[PDB]
Amino acid sequence: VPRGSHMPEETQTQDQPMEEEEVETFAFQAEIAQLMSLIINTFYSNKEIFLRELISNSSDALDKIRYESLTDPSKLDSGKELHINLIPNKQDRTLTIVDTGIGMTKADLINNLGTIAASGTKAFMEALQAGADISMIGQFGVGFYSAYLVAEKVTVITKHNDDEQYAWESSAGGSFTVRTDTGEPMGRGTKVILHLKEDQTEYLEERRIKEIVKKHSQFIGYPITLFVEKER
Ligand SMILES: [Mg+2]
Ligand SMILES: [Mg+2]
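Residues numbered from 1 in each chain as written, not as in the entry; some residues may be left out. Chains lettered and ligands numbered in written order. Heavy atoms only, no water. Residues with missing side-chain atoms left out of burial classes, pairs and counts.

Per the deposited record, X-ray crystallography is how this structure was determined, to a resolution of 1.55 Å.

This is the structure we're talking about:
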């Protein structure tokens with residue numbers, strides 16, 4: 001049956017087999033859940049310190065590459081730059097903090113980002129009751145949850161040399177999920193995707209992001225770059 005020309009639908013390749021992603025759901029440790037609800041539902045004047053906290057975490061994960069090379073010289077062989085990118089997306093109302101640090105394994109996500117008690121949590125909640133500035137969160141071992149000052153949902157995609165790529169996600173409310181991530185491989189490191197609250201969209205603006213990096217994150221020790229989508 002001779003053909004000279006086919007239409008796109010005719011030569012569309014068959015899909016790759018559908019992948020299964022395993023998902024597990026975990027409750028927050030009780031005092032973490034209480035802290036998240038305090039953070040979400042209280043007015044604070046200095047919410048901009050979330051970014052300091054996330055940049056701090058990335059800088060710590062980058063410093064670990066340096067040191068892990070003393071017990072595993074392999075890492076010296078990676079060609080990846082040690083750096084942080086800040087990626088606002090005004091279309092989707094997200095701010096993404098990307099690093100090429102060590103990343104997290106699946107058990108690191110479960111144990112580090114919600115199921116284990118930080119010993120300062122109760123003290124910090126009492127300091128907040130007594131009127132402390134939210135800025136002091138870092139010093140109490142629970143800085144990651146400052147994300148919820150500005151974000152209604154947080155997704156963390158991460159890949160560690162010793163595990164496969166995983167996605168942690170939570171909209172608070174007492175639980176989070178961890179699910180194998182078979183989508184776009186991100187390479188070693190972590191991406192924290194903040195789905196911003198409607199009244200916190202200032203943190204998509206280039207001037208506002210530059211202002212808070214300069215105010216609170218001047219000793220990262222690694223290049224940080226802000227990607228700005230061209231105005232159409
Ligand atoms: Mg079709
Ligand atoms: Mg931290």
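Additional details are given in the paragraphs that follow.
> Break down the side chain of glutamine 200 for me, with residues and values.
Mapped onto the fold, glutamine 200 is located in the loop between β7 (189–196) and α6 (206–216). Those residues within four positions of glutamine 200 in sequence are excluded, and the remaining contacts are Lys47, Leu149 and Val150. (Helix = DSSP H or I, 4+ residues; strand = E, 2+ residues; numbered from the N terminus. Contact = heavy atoms within 4.5 Å.)

> Describe unusual backbone geometry, with residues and values.
Even without being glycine, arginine 93 reaches a positive phi, approximately 60 degrees. Its relative accessible area of 29% is what places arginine 93 among the partly exposed residues. Positive phi, normally seen in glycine, also occurs at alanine 172, with a value near 65 degrees. Looking at the secondary structure, you find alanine 172 in the loop between β5 (166–170) and β6 (175–180). On the basis of relative accessibility, which here comes to 14%, the residue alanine 172 falls in the buried class. (Buried < 20%, exposed > 50% of the residue type's maximum accessible area, 1.4 Å probe, protein only.)

> Kindly report on the pattern of salt bridges, identifying the contributing residues and their values.
A full pass over the atoms with the stated rule returns 11 salt bridges. Connected through shared salt-bridge partners, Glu48, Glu202, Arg208 and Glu211 make up one network. (Salt bridge = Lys/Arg side-chain N within 4 Å of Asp/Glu carboxyl O.)

> I'd like a description of the packing of helix α2 (residues 30–41) against helix α5 (residues 121–129), backed by residues and values.
The N-to-C vectors of α2 and α5 enclose an angle of 25 degrees; their axes lie 10 Å apart at closest approach. Accordingly, the angle class assigned to the pair α2 and α5 is roughly parallel. Between α2 and α5 lies a crossing whose hand is left-handed. When α2 is examined against α5, the residues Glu31, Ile32, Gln34, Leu35 and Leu38 are found in contact with a partner set consisting of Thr121, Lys122, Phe124, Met125 and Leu128. Classifying every residue of the contact of α2 with α5 gives six nonpolar, two polar and two charged. (Axes fitted to C-alpha atoms, helices over the stretch in contact; angles between N-to-C directions. Parallel < 35°, antiparallel > 145°, perpendicular 65-115°, else oblique. Left-handed = near helix turned anticlockwise from the far one by under 90°. Nonpolar A, V, L, I, M, F, W, Y, C, P; charged D, E, K, R; others polar.)

> Talk me through the nonpolar core; I want residue IDs and the actual numbers.
Counting residues in each nonpolar core, the largest one holds 55 residues, and the members touching the most others are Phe50, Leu51, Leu95, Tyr145, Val154, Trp168 and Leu194. The element best represented in this core is helix α3 (residues 49–68), accounting for eight residues. Discounting residues that sit within four places of it in the chain, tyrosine 145 has contacts with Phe28, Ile32, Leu35, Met36, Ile39, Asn112, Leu113 and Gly114. (Core = buried A, V, L, I, M, F, W, Y, C linked by side-chain atoms within 4.5 Å.)

> Which residues make up the sheet that holds strand β1 (residues 23–27), and what values do they have?
Paired through their backbone hydrogen bonds, the strands of a sheet run either parallel or antiparallel. If you trace the eight strands from one edge of the open sheet to the other, you get β1-β6-β5-β4-β7-β3-β2-β8, paired in mixed fashion. At either end of the open sheet lies a strand with only one pairing partner, and these are β1 and β8 (224–226). Each strand axis lies, on average, 15 degrees off the axis of its neighbour in the sheet, ignoring direction. Of the pairings in the sheet, the one linking strand β2 (residues 84–89) to β8 comprises three bridges and is parallel in character. (Pairing = 2+ DSSP bridges.)

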